[PDB]
Every structure is written in structure tokens, then in C-alpha cells.
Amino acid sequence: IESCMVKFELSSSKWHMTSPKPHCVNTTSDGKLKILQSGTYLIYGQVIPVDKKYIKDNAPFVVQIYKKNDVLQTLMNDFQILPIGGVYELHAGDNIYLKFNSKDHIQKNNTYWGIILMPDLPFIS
């Protein structure tokens, strides 16, 4: 029943949390997390790219969400605002993290991500 949500701010590398020690997730200062409670989660976030005029490298703008050692979601566009995630069934022990093609692509200010343990949605209408 306990509400459980965390939000990692890339600007500060700090997690903002529902409680001092969220029951559903362990978080680390590298922006990674580990699911502690099996259940239905929203994985969410926005990856903000730098203006293309600043990009030095030849790499395309790609964001991957990993679950354990496998890719959960792959996202790409022409260096535009990039909401991430969706509703997933996760299990205790599942590590979740993001991988970027190039860290130089990412505007740290206002880039964030996280999860929320979702309540059941029993009522249809």
C-alpha cells in the first residue's frame, strides 16, 4: 500500500523521494536503481538534448533503458525532447538504468528520470 516514487535529477545527481528510505527501490548516486518490491511500475523521465549547433561528435541521439543486462526500451530522434518509459511489470532484484549514446548530447539541467510503484486500477469507466 505505501506510496513509493523516486525522481533522479541529472542536474544535481540527487534523487527526490517519497520517504527517507523508499520500500520499493534502492537508488544510487550514479542514477541507477534496483527494484525491491515486485509489481507494476511507471518508468518515466525526460531526456533533454543540447542544441544541435553544440554537438561535436558523429553519434546519433539514442537513449536506452536497461533492465538487468537487457534493453527494455530504445528511443531515438533528431535531438528533440525525449519523454521515456511506460508501464512495466518489474520484479524484486531488477536493476534499471539509462544508457546514452553520448553524454555530450544531454542537457543535464531539466533531464530527469525515475519510477513510481503503481496502485491497482480496479475501476473501469
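Start at 1 with the first residue shown and count on from there.
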Read off the CA B-factors in the entry, average them over 64 to 72 and over 39 to 47, and name the higher stretch. 64 to 72
Higher avg CA temperature factor (102 to 110 vs 21 to 29, as deposited) belongs to 102 to 110
Just grab whichever of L90, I84, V87, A59 has the top CA B-factor as deposited. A59
Which third, lowest, middle or highest, does the C-alpha temperature factor of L121 belong to within its own chain? middle
Test of reading the entry: by CA B factor among the chain's modelled residues, which third contains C4? middle
